[PDB]
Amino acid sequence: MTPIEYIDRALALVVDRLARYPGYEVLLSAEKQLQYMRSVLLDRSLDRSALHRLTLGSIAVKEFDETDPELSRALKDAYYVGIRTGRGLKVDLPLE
């Protein structure tokens, strides 16, 4: 799995949930923070600074641990892989 696949998983679940709770500011905030992490992964010119301002882990615990554990887990996975630095990720060579 790549970090982006985790982000995209979380995003799909947030979108699914938004179909049920279209107004929910918490989900809308989560969607914004995921999209930002996604853009950071895709574009090096984008400043990585604001990553420290993200609250996805806190949101999962406070809002979804009880209510929606599938979403909670997905948000936590996405937050973690999103703040992991570039330099520690793993690479597979062809033929290996």
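In case it trips you up, residue 1 is the first one in the sequence shown, and so on.
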Query - Greater mean Cα temperature factor according to the PDB record, 59 to 67 or 42 to 50 - result: 42 to 50
Query - Ranked against its chain, the third holding the CA B-factor of residue 25 - result: highest
Query raised in the report: For residue 78, does the deposited CA B-factor place it in the lowest, middle or highest third of the chain?
Result: lowest
Query raised in the report: Against its chain's modelled residues, does residue 14's Cα B factor rank lowest, middle or highest third?
Result: lowest
Query raised in the report: Going by what the PDB entry lists, where does residue 5 fall on CA B-factor within its chain: lowest, middle or highest third?
Result: lowest
